[PDB]
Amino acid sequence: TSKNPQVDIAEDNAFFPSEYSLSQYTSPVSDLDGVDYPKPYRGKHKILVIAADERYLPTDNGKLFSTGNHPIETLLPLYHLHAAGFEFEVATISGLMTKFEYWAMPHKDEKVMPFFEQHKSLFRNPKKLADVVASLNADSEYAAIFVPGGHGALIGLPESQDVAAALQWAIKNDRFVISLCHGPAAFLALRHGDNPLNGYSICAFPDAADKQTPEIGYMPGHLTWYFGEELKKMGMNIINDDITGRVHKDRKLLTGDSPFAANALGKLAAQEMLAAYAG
């Protein structure tokens, strides 16, 4: 298999991951398992998903990485949560359609694919995050904010006033915040203000791993900044230095380290959320 970045001809100077890197980091079938919720939540609260509206991430040599949200990271936790009785709605900063890394889609997965087909409209036709925020109050029917990973989470979210406002709402109102991989870079949106996530501990994708990708062609160049180091400056603790599929719970902040953590995170989120609403 080739280690050369694969041209994405839709865009100028843009590349998908190399054939070789895809063979290491994607599969046609996910690890979804353990969706066993005999007494689901029956209320109306939903997961608010903050997703990526831009597919193209600039790298350090000017080439664009053709990325987006990671479909395993976003669909597996949502599958468990939906099974536990929590439907979801999607928002992007612009209001433009969610942009997925389709090259990581588990295309042969007999459970995840039907789930995607059923719900793809929600991703393709999201709300504008600012509109959701304008309406938020103590009674809002959102049980959690979910920020899926994929390198698309690095675009816009870390700088977004709307994301900051949403996260402040969730914490003030004792709701869940769920994220994994590069998703927690969205927490950087809080850098300008009083920072309600100061002191919190998380799993996240290690910055060190992002420096080993470009050589095998998973990205066409290096990242121009590293979210982990920045989150540490923002007073957050990253508990892992490796990729093991680890998940962590700190109060109502539930996180995972990588795509490998996606199934475990769905389980932890479902368990925690059911308990909180029960009842």
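Note that residue numbering begins at 1 and tracks the sequence as displayed.
**Student:** Should the higher mean CA B-factor in the entry be assigned to 203-211 or to 132-140?
**Tutor:** The entry gives the higher C-alpha B-factor average to 132-140.
**Student:** Which of the two stretches, 259-267 or 10-18, shows the higher mean Cα temperature factor in the record?
**Tutor:** It is 259-267.
**Student:** Please pick out which of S94, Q168, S160, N198 has the largest Cα B-factor as recorded in the entry.
**Tutor:** Max CA B-factor in the entry, restricted to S94, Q168, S160, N198: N198.
**Student:** Within this chain's modelled residues, let me know which third the CA B factor of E117 belongs to: lowest, middle or highest.
**Tutor:** Its C-alpha B-factor belongs to the highest third of this chain's values.
**Student:** Ordered by C-alpha B-factor within the chain, which third holds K108? Give me lowest, middle or highest, please.
**Tutor:** Its C-alpha B-factor, which the entry lists for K108, ranks in the highest third among residues of this chain.
**Student:** Test of reading the entry: by CA B factor among the chain's modelled residues, which third contains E87?
**Tutor:** Tercile = middle for this residue's CA B-factor.
**Student:** Using the B-factor values recorded in the entry, state whether the Cα atom of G228 falls in the lowest, middle or highest third among the modelled residues of its chain.
**Tutor:** Bottom third by C-alpha B-factor.
**Student:** Rank-wise, by C-alpha B-factor, drop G149 into the lowest, middle or highest third of its chain.
**Tutor:** It belongs to the lowest third of the chain when residues are ordered by C-alpha B-factor.
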